[PDB]
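K.L.:
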Amino acid sequence: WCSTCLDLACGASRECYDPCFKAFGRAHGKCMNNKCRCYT
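Heads up: the sequence shown begins at 1 in the entry's author numbering, then just goes up one per residue.
Set out below in structure tokens:
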């Protein structure tokens, strides 16, 4: 299926930016399936 995906339901940039930047490293992802999917 996927890999760089967070269990956080998108809806707010900072909400998915803080985690994606602290989990994967860089803040660069999108909101797919109502969930923020970080990609590079």
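We put the beta carbon where it would ideally sit given N, CA and C, even for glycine.
Curious, which full-length alpha helix (DSSP H) runs of at least 4 residues does the region 12–38 contain?
P.N.:
13–23
K.L.:
Applying the 10 Å Cβ sphere with the 16-neighbour rule, what's the burial state of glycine 11?
P.N.:
exposed
K.L.:
Leaving out five residues before and five after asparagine 33 in sequence, what residues of the same chain have Cβ atoms less than 6 angstroms from its Cβ?
P.N.:
none
K.L.:
Just curious, the beta strand (DSSP E) that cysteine 5 is in, first and last residue?
P.N.:
In this chain, the beta strand (DSSP E) harbouring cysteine 5 covers 5–9.
K.L.:
Does the Cβ of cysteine 36 have 16 or more other Cβ atoms within 10 Å, making it buried, or fewer, making it exposed?
P.N.:
buried
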